Amino acid sequence: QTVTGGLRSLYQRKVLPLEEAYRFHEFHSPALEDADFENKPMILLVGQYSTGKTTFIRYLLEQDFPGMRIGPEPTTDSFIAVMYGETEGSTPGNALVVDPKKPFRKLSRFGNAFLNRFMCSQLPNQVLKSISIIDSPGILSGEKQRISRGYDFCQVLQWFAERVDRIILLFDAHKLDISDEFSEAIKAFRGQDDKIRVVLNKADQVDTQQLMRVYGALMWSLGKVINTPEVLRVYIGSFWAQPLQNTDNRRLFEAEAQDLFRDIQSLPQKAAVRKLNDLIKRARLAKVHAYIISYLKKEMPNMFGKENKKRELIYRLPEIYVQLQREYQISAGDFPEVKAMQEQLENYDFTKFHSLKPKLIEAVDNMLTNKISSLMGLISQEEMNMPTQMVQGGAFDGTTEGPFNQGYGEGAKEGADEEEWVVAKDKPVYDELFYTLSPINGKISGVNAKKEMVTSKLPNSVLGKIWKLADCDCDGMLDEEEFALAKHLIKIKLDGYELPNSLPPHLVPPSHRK
Amino acid sequence: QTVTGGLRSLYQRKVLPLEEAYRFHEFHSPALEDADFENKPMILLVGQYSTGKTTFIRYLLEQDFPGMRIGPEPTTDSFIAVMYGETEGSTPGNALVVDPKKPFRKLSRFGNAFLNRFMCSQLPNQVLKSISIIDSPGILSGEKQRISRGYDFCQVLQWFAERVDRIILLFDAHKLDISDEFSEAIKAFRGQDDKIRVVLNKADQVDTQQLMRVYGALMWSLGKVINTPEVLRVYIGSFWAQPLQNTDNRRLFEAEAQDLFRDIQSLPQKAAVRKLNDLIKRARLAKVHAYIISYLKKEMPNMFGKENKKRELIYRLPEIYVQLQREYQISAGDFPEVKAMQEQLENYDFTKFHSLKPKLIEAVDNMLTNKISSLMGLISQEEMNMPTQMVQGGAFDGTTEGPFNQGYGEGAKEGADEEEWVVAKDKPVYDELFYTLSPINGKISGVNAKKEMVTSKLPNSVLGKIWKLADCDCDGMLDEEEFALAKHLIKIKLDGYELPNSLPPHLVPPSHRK
Amino acid sequence: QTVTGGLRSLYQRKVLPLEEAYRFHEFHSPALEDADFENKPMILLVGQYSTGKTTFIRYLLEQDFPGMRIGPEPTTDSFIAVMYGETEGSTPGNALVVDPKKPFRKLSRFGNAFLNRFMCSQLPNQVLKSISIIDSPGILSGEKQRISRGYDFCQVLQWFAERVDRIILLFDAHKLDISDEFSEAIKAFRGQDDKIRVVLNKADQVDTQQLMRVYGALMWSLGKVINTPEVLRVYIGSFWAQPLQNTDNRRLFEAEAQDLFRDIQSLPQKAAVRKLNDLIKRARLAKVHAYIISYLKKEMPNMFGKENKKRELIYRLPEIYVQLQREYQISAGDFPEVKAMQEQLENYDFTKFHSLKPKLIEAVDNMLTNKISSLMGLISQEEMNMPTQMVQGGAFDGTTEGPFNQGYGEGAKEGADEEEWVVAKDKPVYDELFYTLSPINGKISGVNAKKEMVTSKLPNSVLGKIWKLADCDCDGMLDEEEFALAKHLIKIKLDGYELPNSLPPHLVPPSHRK
């Protein structure tokens, strides 16, 4: 009996009844699933074509994907639900929208084209025991009608936004675009403005004025598109595993990247709570709809004058809302939009409506007063079940050092350049000394590498930098190519040169490149 | 009791009844077969005459065919269903369209000319225990009417496209053509745009600008022909077992070839699932047709006013669809095309239609809710029954090496050129030393060849390259001609020359050539 | 009495009468101007924001503009009509749309916002005595309605396209976009598909596959947007006065650039002729409209049944066109579009129409038979009035050499490196020797520079390369900074290094940079 189990149980037992009785599923959102409870915290990543969302997710992962490939070209022709799988592989969308332990059984409504353009990528990763990431198809910039798609992208994105932990909106400076498809998409995101984080990628490859006013043009457009004057927090930088192109704004890029990274790191202890958040949200909206329907039903006459009475009631709907607020003490922010309720109301026959049943309303109030109250202690006890999503480093970060310290000035630390093989900075003679070091299974162990490259008499900080740069697979042990790269850096330092913070793919071994 | 058996059983038990009752077989697609379930994953290969589809399939196979022959001339006068046979041979089309364990009993509708221009090629191959490949006749470029053929090629190709795992569309740069026959064929492929992969062959024999703008002309034409603005993924390269003509775009050719190869390699764990995919597709379409027919039947009056009522109903059909969607909560993408339903409806007498039978609709909904749910565990347990289609290498690839390593720099590896018979680079004196090596059955064993050609004191990587180039039959053991070719390469390296990545037919032994 | 004077005179005398009589100005295009005749050959340059149209025009010019500034940011907030002015300066749009010797009096229709966002840039240039160039505002990619602009951009662009010599459509690989604004703009360009040249800029800064498939995406989109299956010639390259970023496709870039350059060079002897071309075009369209109006007027009854007769005639319009073609022997390609004629016809009162006047039709036929015939000899005599637009080189091209030969192997040519001041490769000591050479007005004359830098004993070809690289202002004489740059190149060659084909702004003197 977990708190998630309690939430789903209370829902299925006594929120679904009024939902089905008053067709809340036919007005705002259909009946929920066990998935929205059993699912892990989730990050949904949207953006137009060629933005680099695949690059973003792989940079977060430090690992490639079973299904999806990085490309500056539009390759994301389908949604990618990358999640924790026991074995490397993938599973399609019609089998994803049914899977008991996946958040997506309620996507079966859209069906057909969405489920064929909907994929899942299962892999074991320490990020993935924590989260699942939904890479959306690149939002089209070809000025396309909604009917041309085989599915309603606005509706699917709204369905996600009702449930996502964090929605990231990725815009690139090189191919800066603001499309009508994205515009109607963000109107689909209306109602959940908290979850959107706007991120400006590829800010390093352009000049200072170019970056300045591409940010400009984008966010003049955004100010009108969102229509909400509240400022949306931006993250300007290059989430990119390669060295910076222009270093004018490196400080700003790294600051924004770190801020976004920590904001993402805050979600694990946020995971069950926002389940409860959405539970309250839908409970209040459901009871407001219940009072609306009950008032309409009681105003419905028996058999005669029904057409005129309905015609009067549809126009009288606003003051009905005012009376409901006054006589039920319910906030004005819980009501749905009056005009939308209008067009949804004429489609219904008023005779079929159900009368007020106080049992449901009373027990929902009892929920909000006491069952969440009981579940609070369970939440506090379960606050540490999974605290460790994080935005991890990569193959080239200051944790890959392993048994090395980061930066310091010991006398047990040594001089800039004292020892390394000189002409052996070529691959075969790297391998000669690599195997005179007696490696195991073609791999020099961590301690053996320590004892060998401490004889280089280089400072321990820079030695750890060499290790973190070379050790691409991040197993804490050096292969042939990683050893060659490390001793390449050592020779370059002998000649006199500063170690790069992150190595380029050029210096990455060819087999270790993506 | 396999998952395929469960799928076919559930179909034949409770999807066929409504099909026959509401003549779904007379409107969209006839009743299915046990074949569509029992069949293996299948690749259907279409393209115009002289494109080289036979060359494609033989390159995938690394083996010739019982029936079909490669020719730059149009030789594919019949469909070729190449599949796994216990013995080398072939079997004709009227006996293929009946065979219990072949996907084609439903081709008997077209009959006569199609079945005479329909062939099967049975052979034992490791590719063929996994897949079957349908080489289509070269799509005619002679601007021909549909009536001139003895069969309806558009309808047969649609029937395939409803069931194929992967449909490949092959277009050649030399004889770049976009015909009206292929155009109406792709309109037959409408509805399954996922399965089409467009491949541009013979991209190496032409210049860079020539290749650039032949790709151009082809895909300007394709953009209008397909009429769907969604980008279709292209594969530009030379799927060709002979050395490249122009090496300007070799990187692009090999990248596209590898991407297509892996996409084909992904089908084995895709084989039963897309059976379930098509099952859902036809179930939803069948129930939508069922509601349409039921609504028409209930609107049908008893005996009088039938002509006027039918004339009104045929025009009223769209809002009937709208009402059906509203009152059954079924996606708009499940409906067939309104106008096509129109012309199909006037041909029918409305009195004969059957009334609504809730039993069938309820039990089909029960299917989609629970029987696929039960079969999911069986799918997961059977996910590894046959994972190994792959796009294998050939007679000249880096696996033919066998007991050799691929590329490396040991000291157990040796110098570029130290030993080989000099004037013996002619066939008879090759054979002299071939038999002084004491071969078995005219064949030098793998270990004997290893010990002999390691005394050549060449690097083990290049020795493995020599082995992979020479060993044409890929049995891991060298015959007289393969040994002669290997030692020819060794002598050429003594003289000083780079080993070709893939050997030309010129250097292929005359008996080992096709 | 020039041929242009004869053309404008014949127009104003006997094409305008039928135009005004049959309100051709109210249906297809208003009455022409003396401007369309007196104007010089003109290149109109369109493209979206940040494409670099200003960079294109300045690269063609080898000169900056009075009004418009280069910027990767959208700076073109107004049309720029850059033309030959006696003095450097600019003049606004409401005074440009009136000027007797400028092509734009007919832009006064649009008025207000267009004329305020319409500018003119007058400067003396050898390109500009030949042509005028219209830099359009960057076509907006913000998915904007037509009403939001203060003027009808589609209509203005159609008005230009009716009169332009060459319309260039510039699309950049970095920020590759295809907007709805540009889409409706090209539908405005419909009818003049000859004049469009599509140019893909910034093709050098991206990788080979990136460039390949950005060209792809652009021209899949273009194939549907233009809707005409006829191939439009593309020009892939970097029209850019700075050294290439990636040199993989330098040959293709320079080939396309040269082809486009020559196509532009062909316009001078094309200038009066296409005036005659548009004259014939509008004459044929005007007479076709005349027969249409005359037939409608004669079918118009006296006073009664007018409403029914007009209602019948508007639907009968197509067979009226067929009868007109049959009885007047006029090509079907001269008629306007039937449906457009429809909606334009209901707005008019049929009683007001004018009856057939054979005088106008007969004299227009007499025009097309005899007055163009008389003007042919004048055209042939005036074929060489201005043959020299050209697409000139720049500050760094193989004509700047002046008194130097380009590339050759004389013995009067000399060795790679024999003489130059060594440590004087810094600015002050450059100036020391610059003034020991006794320059005039701070400038070393061409002959003095020749005699000094021939003592360097470098080959005359490379010496000319040094001169063409250094001489930025292209006056054939070296200033202090140009001399410093030249002798910098000479010292670099002493050290041993290949001379760049075009110098970067980095090596361009700071005062000589833009």
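Residues numbered from 1 in each chain as written, not as in the entry; some residues may be left out. Chains lettered and ligands numbered in written order. Part of a larger assembly, values for the part shown. Heavy atoms only, no water.

- Its PDB record attributes the structure to cryo-EM, giving the resolution as 7.6 Å.

1. A short note on helix α9 (residues 250-265) of chain B
Consideration 1: Its 16 residues place the ends of α9(B) 22 Å apart at the C-alpha level, agreeing with the 22 Å of an ideal helix rising 1.5 Å per residue.
Consideration 2: For α9(B), every residue scored as buried is listed here: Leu252(B), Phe253(B), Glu256(B), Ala257(B), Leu260(B), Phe261(B) and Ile264(B). For α9(B), the buried positions fall inside an angular range of 165 degrees around the axis, keeping them on one side.
Consideration 3: The inward-facing, buried residues of α9(B) abut α4 (53-61), β6 (166-172), β7 (196-201), α8 (208-226) and β8 (234-236) of chain B together with α8 (208-226) of chain C. (Helix = DSSP H or I, 4+ residues; strand = E, 2+ residues; numbered from the N terminus. Expected span 1.5 Å × (residues − 1). Buried < 20%, exposed > 50% of the residue type's maximum accessible area, 1.4 Å probe, protein only. Arc of directions from axis to C-beta. Contact = heavy atoms within 4.5 Å.)

2. So, the UniProt feature "binding site: ATP" in chain A
Residue and element names in this part refer to chain A.
Consideration 1: UniProt records the feature "binding site: ATP" for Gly47, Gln48, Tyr49, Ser50, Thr51, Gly52, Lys53, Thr54, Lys202 and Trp240 in the present numbering.
Consideration 2: Relative to the assigned elements, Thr51 resides in the loop between β1 (42-47) and α4 (53-61).
Consideration 3: Overall, the relative accessible area of 2% leaves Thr51 in the buried class.
Consideration 4: With near-sequence residues (within four places) excluded, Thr51 lies in contact with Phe56, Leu170, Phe171, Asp172, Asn201 and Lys202.
Consideration 5: Reaching out from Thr51, the side chain makes a polar contact with the backbone oxygen of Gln48 at a distance of 2.5 Å.
Consideration 6: We classify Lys202 as buried; its relative accessible area is 18%.
Consideration 7: Residue contacts for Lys202: discarding those within four places in its chain leaves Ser50, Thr51, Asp172, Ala173, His174, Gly237 and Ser238.
Consideration 8: Here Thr51 takes part through its backbone oxygen, which lies 3.5 Å from a polar atom of the side chain of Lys202. (UniProt positions renumbered as here; feature names shortened; annotations may be inferred. Polar contact = N/O pair within 3.5 Å; in protein donor to acceptor, adjacent residues only side chain to side chain.)

3. Notes on the packing of aromatic side chains
Consideration 1: By the definition in use, this model includes 76 aromatic pairs over all chains.
Consideration 2: Here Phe104(B) and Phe118(B) contribute two aromatic rings whose centre-to-centre distance is 5.3 Å and whose plane-to-plane angle is 80 degrees, an arrangement assigned as edge-to-face. Here the residue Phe104(B) occupies a position in the loop between β3 (89-92) and α5 (113-116), and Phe118(B) occupies one in strand β4 (residues 118-123), the gap between them amounting to 14 residues.
Consideration 3: According to the relative accessible area criterion, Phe104(B) is buried, its value standing at 1%.
Consideration 4: On the numbers, 4.9 Å between centres and 80 degrees between planes, the contact of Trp159(C) with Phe160(C) is edge-to-face. The burial state of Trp159(C) is the same as that of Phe160(C); both residues are buried.
Consideration 5: Following the ring pairs from residue to residue traces out a cluster consisting of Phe79(A), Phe104(A), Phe110(A), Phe114(A), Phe118(A), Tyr151(A), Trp159(A) and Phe160(A).
Consideration 6: The ring of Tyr295(B) carries the charged tip of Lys298(B) above its face, separated from the ring centre by 3.2 Å.
Consideration 7: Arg23(C) extends its terminal NZ or CZ atom over the ring of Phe353(C), reaching a point 4.1 Å from the ring centre. (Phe/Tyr/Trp six-rings, centres within 6.5 Å; stacked < 30°, edge-to-face > 60°. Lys NZ or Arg CZ within 6 Å of the ring centre and 35° of its normal.)

4. Considerations on the pairing of strand β5 (residues 132-135) of chain A
Residues and elements named next belong to chain A.
Consideration 1: What you see with β5 is no split at all: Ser132 and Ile134 on one side and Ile133 and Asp135 on the other are buried throughout.
Consideration 2: Pairing of β1 with β5, which is carried by four bridges, proceeds in the parallel orientation. When the sheet's bridge partners are listed, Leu45 is paired in β5 with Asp135.
Consideration 3: By the bridge criterion, three bridges tie strand β2 (residues 79-84) to β5 in an arrangement that is antiparallel. Among the inter-strand pairings, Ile80 is bridged to a residue of β5, identified as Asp135. (Pairing = 2+ DSSP bridges.)

5. Considering the packing of helix α6 (residues 153-161) of chain B against helix α7 (residues 180-189) of chain B
Residues and elements named next belong to chain B.
Consideration 1: Relative orientation of the contacting elements α6 and α7 amounts to 40 degrees, with a least axis distance of 8 Å. Relative to α7, α6 is oriented oblique. Crossing angle aside, the handedness with which α6 passes α7 is right-handed. Counted together, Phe153, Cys154, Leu157, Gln158 and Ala161 of α6 and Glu181, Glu184, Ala185, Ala188 and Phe189 of α7 form the full contact between these two elements. (Axes fitted to C-alpha atoms, helices over the stretch in contact; angles between N-to-C directions. Parallel < 35°, antiparallel > 145°, perpendicular 65-115°, else oblique. Left-handed = near helix turned anticlockwise from the far one by under 90°.)

6. A word on the relation of the copies chain A and chain C
Consideration 1: It takes a turn of 180 degrees to lay chain A on chain C, together with a shift of 0.5 Å along the axis; the resulting RMSD is 0.0 Å. Considering both components of the superposition, the chain copies are consistent with a two-fold axis. The rotation axis passes nearest to the C-alpha of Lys175(A) in chain A, at a distance of 2.0 Å. (Least-squares fit on C-alpha atoms.)

7. Considering unusual backbone geometry
All names here are of chain A.
Consideration 1: Backbone geometry places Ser438, a non-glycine residue, at a positive phi of 60 degrees.
Consideration 2: Tracing the backbone shows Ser438 in the loop between α14 (427-436) and α15 (446-454).
Consideration 3: Phi is positive for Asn441, which is not a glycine, with a value near 55 degrees.
Consideration 4: Topologically, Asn441 is positioned in the loop between α14 and α15.

8. Points about the layout of surface pockets
All names here are of chain B.
Consideration 1: Roughly 1600 Å³ of volume is contained in the second largest pocket.
Consideration 2: Around the second largest pocket, the lining is made up of 43 residues, and of these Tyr59, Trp240, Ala241, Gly394 and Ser502 lie nearest the centre.
Consideration 3: At the level of elements, α4 and α9 are the ones that each hand at least two residues to the lining of the second largest pocket.
Consideration 4: With seven residues, α9 is the largest single contributor of residues to the lining of the second largest pocket. (1 Å grid on protein atoms, 1.4 Å probe; cavity = no way out; pocket = protein on both sides within 12 Å on 5 of 7 lines; lining within 4 Å. Points joined across faces, edges and corners; volume = space filled by probe spheres on them.)

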